[PDB]
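J.: I would like the atomic coordinates for the input below:
(chains A, B, C, D, E, F, G, H and I)
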Amino acid sequence: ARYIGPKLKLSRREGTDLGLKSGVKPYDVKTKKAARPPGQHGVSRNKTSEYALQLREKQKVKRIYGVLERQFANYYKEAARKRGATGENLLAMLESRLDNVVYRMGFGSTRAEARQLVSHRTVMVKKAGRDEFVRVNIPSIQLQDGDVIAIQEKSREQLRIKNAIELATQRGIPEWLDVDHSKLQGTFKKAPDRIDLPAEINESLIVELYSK
Amino acid sequence: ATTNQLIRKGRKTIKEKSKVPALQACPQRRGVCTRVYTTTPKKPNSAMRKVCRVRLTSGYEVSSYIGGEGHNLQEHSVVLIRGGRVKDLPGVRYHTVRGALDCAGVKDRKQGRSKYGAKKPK
Amino acid sequence: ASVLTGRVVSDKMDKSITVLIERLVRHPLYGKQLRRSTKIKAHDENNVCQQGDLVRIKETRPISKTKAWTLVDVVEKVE
Amino acid sequence: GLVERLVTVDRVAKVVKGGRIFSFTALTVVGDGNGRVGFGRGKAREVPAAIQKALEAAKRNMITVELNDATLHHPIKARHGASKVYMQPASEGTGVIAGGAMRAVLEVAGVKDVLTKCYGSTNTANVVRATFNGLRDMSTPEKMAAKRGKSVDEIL
Amino acid sequence: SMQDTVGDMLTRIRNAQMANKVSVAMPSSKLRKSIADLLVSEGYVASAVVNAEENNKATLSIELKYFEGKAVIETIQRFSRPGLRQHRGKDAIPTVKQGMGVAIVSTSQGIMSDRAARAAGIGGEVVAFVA
RNA sequence: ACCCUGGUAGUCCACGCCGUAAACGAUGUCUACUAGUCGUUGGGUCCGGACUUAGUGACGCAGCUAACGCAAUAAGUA
RNA sequence: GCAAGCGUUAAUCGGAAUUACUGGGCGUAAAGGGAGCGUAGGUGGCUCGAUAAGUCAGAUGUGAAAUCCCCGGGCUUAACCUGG
RNA sequence: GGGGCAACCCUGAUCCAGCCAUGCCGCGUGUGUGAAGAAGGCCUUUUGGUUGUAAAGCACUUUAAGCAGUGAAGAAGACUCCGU
RNA sequence: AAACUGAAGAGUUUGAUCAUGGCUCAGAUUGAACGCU
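T.: Residues are numbered from 1 along each chain as shown, chains lettered A, B, ... in the order given. Next up is the structure itself:
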């Protein structure tokens, strides 16, 4: 499954911007909220707890990447099984997801549209070494070093990708991705680093939530 | 407890018996209501709690609680029984499953309907 | 083959001796070793050794209902 | 830049002829974030005043701990009264695996990765005291080498 | 009765160090002198000398060290007591204080440090932990 | 019942049972080691004192203890 | 908060250092046997030798495969399968 | 795997298919934009808040399901002919 | 090269406290059943 309902109340509950809307206009005027979380009460008494902080951070990351609890707990399990920092590996996996990669490469205005673009078999992927693209419809496909992403020839002239590109131009393009707009192609040259990802997501909170 | 004493005698972990013997390590169990009555709770609380004495297929004759507001149970009613004791009812260690076999669900239940066997209103 | 060494605790059968084979066994949980002994019936064809000697026996085919070890070396006698 | 963390606030009562006199006890841990940490307790009839007194008492119970980067140098087992604490250095990215009372003092002292466990009584003040004692009694390889007289390479 | 000679020697050292004694003397044995020699070579005690007294007896005298007011021996605990002996392999010797301490190991090549036994690829009785 | 006046078993002896007590230091036995101070019992050796021994007490550091407290007669260190 | 599932009941381990080997206690919280003698057992002074059973190390044989873990590979991904 | 020289026969082993959310894993139930922030519900100090860009309206997309096509691999080349 | 990575506590005895100590809870798992879907 995936979240379908209104997106701005997610950011309102998180207290920050989750990039759930295209950057066509500032987040402040897009909602005139985010000073208070959704619902009747919002700003409340009886201050939050350590568990509340940990849960809110985990839900922040989950809602950023559109990933549900079972998938995200498998992500954490693999991240803790892999050599290195657990939170760093979890962020690396969530950023190596195919829908997030096409979002960051700019073919979708938002991550949900990028996911719906991948799922509808409009995005082709060429694994490093393989001399052939394949049409994939699995948004949670991880990309290795050197994987190439392309747009299906049937849908290269899309009136939504043609502004997702110009919006990505105004938002900023990561260095670990190489995008050719003329041929509508991208390359995942390397997994992103913790110094490249924003230093406002506290992954220590997630790692301490996932330890009972 | 020296090493020699531990090797000679050992440590002993006594095993706690089940709090729901009549189920015989089953999730639920079927019975027939041999009595449908009400009873008064323990000291802090006061009410007329609805209980049924039910004879299960396991050979036990136990007391189970009918939760929710209102029930259709009576003598010779075939009910399903699960674990879980009522805190203020002494001797009641089981709950009657509402909506299982012959115990009807709660009529106008809306919130926790699956806990009372109530179908989704359309 | 396999050779064991132990004292002779019984000899009162014909062509037969019981041998006490001591062994050290480590407790699986508490780590200490406990002295453990098994009585092994051995074949004493010539009825040589008496009770209290330290002898060596070796495994062979069954000789009787409970005898499958045979005397191979008397190393020390009682005092 | 002294980080102040309120561990516990509890309602205590004195009994007089008229009835009960309700005070308030607070426990705080303050820290530099690198190697300075100190705990303190405060009592007052109101929660803000108890917290302020706890903060001021914590600021004068300072010790200087020596971190191994962002973790401990060696495993520690410490105690205060019936409270026993175990602390173990962990790999980078583990986090402070600790429940509440240990976590307050460790995070405030600046430990980033540690495995902890409480045994015996988990009274918050006694647990904080035990963790404080373990941190204060922690030694470093350089200090051990200086103690013996050898070097950090003749003392692996 | 006294049935742990190594434990007695270690307790003597511990009690003298808690009492801020300059030196501790005890009846000497070759195993005690070897353990004291390892302590001297590890730098936990200043020296250890065996004075041969009369009646085929000997006194082991150990000079203790104090650094910055505190005792140099922070802790010294017997591991393999007579009632429960502990033997470990080369990769099973317990590390004391992450390696900043010493595990006294009596191996077939003599009594050495745990790090020395690990370097030699050897094991033996783990008699004490000194930190 | 407590109180008073009486009073039999028992209390005493011999020989057997009984095998229990807050049979307590509510602290198993045996070792070694760890500031000190003041009594006292039975010795010993010196010059009325000093030292030392085996008990038996009152204190009191370190250490231990939830606290009370224990503290060379440990509830300390093993 | 989970999500084509979500709850409840049953059951095992965990948290429980609450049988404590790792890793607990017994003056007063539960807990020193009324005291002793002692059998089996457990444990045990110093020095020089022998032995090598325990112990330690090495070699060799075995410890099926599957499973677990690590490095790869094949299903669009994953589950799954698979080489070492 | 059984029998037969073969042809071939037998094989409820097995390879498949059916039923079941019983589990694990994967995907979907749309995606963007959209304010005098519509109505209705709820709360309220009776006028504001909230449901909420949520809806409607616009602009798109068609994964899975459906319809129509095409279409590997699982097959080890039997028999027969020729040569050595 | 690697197999070498792992450890959280809370409530409840008291006017209040510390300790002791039981009971209860948060996790994981299932050849599961049941209720709603």
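J.: Centre-most residue in chain D?
T.: Ranked by distance to the mean C-alpha position of chain D (Cα atoms, centre = their mean), the top residue is residue D:105 at 3.6 Å.
J.: tell me which element it falls in.
T.: helix D:101-109 (DSSP states H and E).
J.: Identify each buried residue in the helix or strand following that helix, please.
T.: The helix or strand immediately downstream of helix D:101-109 is strand D:114-120, counting by DSSP H and E. If you call a residue buried by 16 or more other Cβ atoms under 10 Å in any protein chain shown, then strand D:114-120 has these buried ones: D:114-116, D:118. The C-beta positions use only the backbone N, C-alpha and C, and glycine is treated the same way.
J.: same for strand D:114-120, what does it pack against?
T.: Contact partners of strand D:114-120 among helices and strands, from 3 or more Cβ pairs under 8 Å, 6 or more residues apart in numbering or on different chains; DSSP states H and E: strand D:83-89, strand D:96-97, helix D:101-109.
J.: buried residues in the helix or strand following it?
T.: Downstream of strand D:114-120, the first helix or strand assigned by DSSP H and E is helix D:124-137. Applying a neighbour-count criterion of 16+ other Cβ under 10 Å, the buried positions in helix D:124-137 are D:124-135.
J.: same check, this time on stretch E:117-130
T.: Buried-residue list, stretch E:117-130, by 16+ other Cβ under 10 Å: E:117-118, E:122-130.
J.: That one and RNA strand F, any residue contact?
T.: No: remark: stretch E:117-130 sits outside contact range of RNA strand F, by Cβ under 7 Å from any atom of the strand, the gap being at least 10.2 Å.
J.: gap between that stretch and the chain center?
T.: Computed by Cα atoms, centre = their mean, to the nearest Å, the chain-centroid distance of stretch E:117-130 equals 12 Å.
J.: close to RNA strand G, is that stretch?
T.: Yes: Stretch E:117-130 comes into contact with RNA strand G (Cβ under 7 Å from any atom of the strand), by way of E:121-125.
J.: quick one, helices of chain C?
T.: Per DSSP state H, chain C carries no helices over any range.
J.: Write out the residues of it neighbouring chain B.
T.: C:27, C:30-32, C:34 (Cβ under 8 Å from any Cβ of the partner chain).
J.: Could you work out the most separated pair of those residues?
T.: Taking Cβ to Cβ as the measure, the residues of chain C next to chain B span a maximum distance of 10.8 Å, between C:31 and C:34.
J.: Point out the residues in chain C that sit beside RNA strand I.
T.: Close to RNA strand I, as judged by Cβ under 7 Å from any atom of the strand, chain C has no residues.
J.: what residues does chain C put near chain E?
T.: So chain C meets chain E at C:30-32 (Cβ under 8 Å from any Cβ).
J.: of those residues, closest to chain E?
T.: When the residues of chain C next to chain E are compared for distance to chain E (Cβ to the nearest Cβ), residue C:32 comes out closest, at 5.7 Å.
J.: quick one: residue C:58 from residue B:109, how far?
T.: 82 Å (Cβ to Cβ, to the nearest Å).
J.: Same drill for those two, tell me which one is more crowded.
T.: residue B:109 (20 against 15; other Cβ atoms under 10 Å in any protein chain shown).
J.: where's the residue nearest to the more buried one when sequence neighbours are not counted relative to RNA strand I, distance?
T.: Leaving aside its sequence neighbours, residue B:109 sits nearest to residue B:118 (Cβ to Cβ, 6 or more residues apart in numbering or on different chains; 3.9 Å). Separation of residue B:118 from RNA strand I (Cβ to the nearest atom of the strand, to the nearest Å) stands at 6 Å.
J.: same question, residue A:109
T.: 33 Å.
J.: Could you do residue B:114 as well?
T.: Residue B:114 is 4 Å from RNA strand I, by Cβ to the nearest atom of the strand.
J.: and that residue, that's in a strand?
T.: No: if the criterion is DSSP: H, G, I helix; E, B strand; the rest coil, then residue B:114 is helix and not within a strand.
J.: and it, how many neighbours does it have?
T.: Applying other Cβ under 10 Å, I find that residue B:114 has 12 neighbouring residues.
J.: what's the residue most central in space within chain C in contact with, if anything?
T.: In chain C, the C-alpha nearest the mean C-alpha coordinate belongs to residue C:19, at 2.6 Å (Cα atoms, centre = their mean). Contact partners of residue C:19, counting by Cβ atoms under 8 Å, 6 or more residues apart in numbering or on different chains, are C:4, C:6-9, C:39-42, C:55, C:57, C:69.
J.: ok, and the closest non-adjacent residue to residue B:99?
T.: Per Cβ to Cβ, 6+ apart, closest to residue B:99 is residue B:117, 1.8 Å.
J.: secondary structure element for the residue lying closest to residue D:58 once chain neighbours are set aside?
T.: Among residues not flanking residue D:58 along the chain, residue D:40 sits closest, at 3.0 Å (Cβ to Cβ, 6+ apart). Taking DSSP H and E as the criterion, residue D:40 maps to strand D:36-44.
J.: For that strand, C-alpha coordinates in CSV please.
T.: Backbone C-alpha positions of strand D:36-44 (Å, rounded to 0.1, in the frame of the first residue of the first chain) are rendered in CSV as follows:
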residue,chain,number,x,y,z
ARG,D,36,32.3,17.9,31.5
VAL,D,37,29.1,16.5,33.1
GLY,D,38,27.5,17.0,36.5
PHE,D,39,24.3,16.0,38.2
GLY,D,40,22.3,17.8,40.9
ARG,D,41,19.1,17.8,42.8
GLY,D,42,16.8,20.6,43.8
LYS,D,43,13.8,20.9,46.2
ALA,D,44,11.2,23.6,46.3
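J.: Who are the packing partners of whichever helix or strand comes after it?
T.: Downstream of strand D:36-44, the first helix or strand assigned by DSSP H and E is helix D:47-58. On a contact count with 3+ Cβ pairs under 8 Å, 6+ apart, helix D:47-58 meets strand D:3-15, strand D:20-31, strand D:36-44.
J.: For the first one, enumerate its sheet partners and note whether each is parallel or antiparallel.
T.: Put plainly, it is strand D:3-15. strand D:20-31 (antiparallel) (DSSP bridges).
J.: how many neighbours does residue A:94 have?
T.: 24.
J.: Same check on residue A:81?
T.: Around residue A:81 there are 9 residues (other Cβ under 10 Å).
J.: Now do it against chain D, distance only.
T.: 13 Å (Cβ to the nearest Cβ, to the nearest Å).
J.: give me the element residue A:130 is part of.
T.: Using DSSP H and E, residue A:130 falls outside every helix and strand.
J.: one step back: would you point to the one among the helices and strands packed on strand D:114-120 that's packed deepest?
T.: helix D:101-109 (a mean of 25; mean count of other Cβ atoms under 10 Å in any protein chain shown).
J.: Just want the most central residue of the chain.
T.: All of this is about chain A. Centre-nearest of chain A using Cα atoms, centre = their mean is residue A:65, 3.6 Å out.
J.: oops, I was thinking of chain E
T.: Closest-to-mean residue, chain E, Cα atoms, centre = their mean: residue E:35 / 4.4 Å.
J.: for the helix or strand containing that residue, which positions count as buried?
T.: Assessed by DSSP H and E, residue E:35 sits inside helix E:30-42. Buried residues in helix E:30-42, counted by 16+ other Cβ under 10 Å: E:32-42.
J.: Tell me the one of those nearest chain C?
T.: Looking across the buried residues of helix E:30-42 and measuring by Cβ to the nearest Cβ, the closest to chain C is residue E:35, at 23.0 Å.
J.: interface residues of chain D facing chain E?
T.: D:73-75, D:89, D:139-141, D:144, D:146-150, D:155-156.
J.: For PyMOL, write the selection for the buried entries among those residues.
T.: This is how PyMOL selects the buried members of the residues of chain D next to chain E, with burial counted by 16+ other Cβ under 10 Å:
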select buried, chain D and resi 73+74+89+139+141+144+147+148+155+156
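J.: Could you work out the most separated pair of the residues of chain D next to chain E?
T.: Going by Cβ to Cβ, the pair spanning those furthest: D:89 and D:149, at 25.6 Å.
J.: Point out the residues in chain A that sit beside chain D.
T.: So chain A meets chain D at A:50, A:84-88, A:204, A:207-208, A:211 (Cβ under 8 Å from any Cβ).
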